[PDB]
Structure formats: structure tokens, C-alpha cells
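The data below hold one chain only, encoded as C-alpha cells and taken in the form deposited in one PDB entry.
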């Protein structure tokens, strides 16, 4: 068991049962912080590159370009690990204290000052425009290799570690890749009718609004990694059974409680996911149900944020 490079060691993350959440241990968490670049995105950093290699769009010479932060760091280490140049477009602004980290992974950040994603995606596209032959944009929000990896690793890990007893999957949605791949695995590959729960911010509940056929109005929020403010292609609505919304403050406080009461070094959206699972878990409906929660990242990515 020796990996040729850091990308092949993705996954195999543990399930830890919570003591201060849910009811008689029906809430268990999957620590995705325990991945090569320390978030769940390590899995898609690996597989998006591998697939691009496999179908010929990524080759020796061509530079990976994209806009993103956990996904940036994931692509950063895979680029380094497999020998690719990489440009990651990013604003000047929020989700910072991460520059020298990405800089430390040898990424060249397109120092893009209207500070937001379009400003980057414009520069991403413009860079992408400049020379199609030299650049490849892996497009996490829609690239099928994103959900595919969760279908093949994240989901099967959950099935095996519970021995087919998972009844519920709770996961924040950024790309939707995580919940989509997981659900497909458990429901379609293993054939078990579980409840898949997408989590999103109450500040920007675009999935809740869409399914209700209500006006889609997104907004700013503090739960880094989720709440994109649109329905991403890698989000398969068809497998989603329920959508829970959680506010930034409660999410942050849930993350702090995860540290102090559970000794689990969780990131902000990990708190969002737990707060929603705790709510579900305290419904008699879910009393005899095993609830599995994805904890996307880890506390030290958040030192300079409201979490601390």
C-alpha cells in the first residue's frame, strides 16, 4: 500500500459517532479533513485531473486553469504531484489567508482585483480564451468526474463502514458533487432507499426556492464552501429527498461545539451540516435511523475567520 503520488491516497476517511448531537448515537460524521490536502475536494482534484488525462484534454505541456477555495488547494496539490503548471483565478477578497498556501503549492494566482467570481471566471475565461491549446479548465460545478469520484469512493466508504446500515446522508452543497455521487452509489449501486439531505444557507436557499417554484433570490453568507447562489449542474435534484437550511451563526457555533465538546477539528460548513443533522436527528422519524454527515474540511483552514 504505497501510492505513486499524493493523489492516489485520497479518501478512506473515518466515521466518528457524536456524543452531544442527535439521539442515542444516531448521528455519525465523516471526516473529509483527513485527505491529502485536507478537504473533501482532494477527491475531485485527483479524479478531475485523472479523467482529463484519460480523455486527452490534459497532457504534458498544457496548463490547468480555473476559478475557485478548497478546490483550488486540491487542484494545487494534484498539479504539483503530477507535474502540471496551474493558474487559479481568485479575487483580492474573502476566503483569504490562503494566498501563501496556494502560493506555497506553486500555484500562480491570477491577481484579479468588483471582487467576486465572475471577475475571476471572466479572467479565467479570458485566460482560457487567450490560448485554448495551452489551457484546460476543469469546471468543478459541471464536470461529471466530480460526482463520479464520490460515487466510487465516498459513497462506497460510507456503505462499507456502516455495513449497509446508513439510512440518511446529510451534506452541504457547493458543487452538489458530494451528495450526488454519494446518493447514486448508495441508492443505485447498493440498492438502498436512503434519505439524501442537501444543506444550504438560509441566507441563500436557492435549492429550497427552486423546488418550491419560488423566486430564486440568493444572498451573502458566512458558510464557506456552500451556498453558490445557483443550482449547479453537478447537483442532481432527482436524488435529493430533502433540503434543510441553516444560518451562518448557528453553523459557526456548531463548528465551535464540534471542537470543544467532541474534539473534532471541523470547518465552518461542517458545522452547518451537523446543525441540520441534529435537527433531523431529533425527529422521532429518524430515531431508529443512522444519519451520516459529511464534514467537508478542518478547523485550521479557518484561523482568520469568524470561527475563531
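Rigid core here is just the name for the largest C-alpha set that superposes within 1.5 Å across the two forms. Numbering follows the first chain given and starts at 1.
Beyond what is shown, the protein has a form deposited in another entry; the following relates to that form.
- Per-residue Cα shift between this form and the one not shown after core alignment stays below 2 Å for all of 182, 198, 75, 90 except 90.
- Relative to the superposed rigid core, the position of the CA of residue 217 differs between this form and the one not shown by less than 2 Å.
- With the core held fixed between this form and the one not shown, residue 160 has its Cα displaced by under 2 Å.
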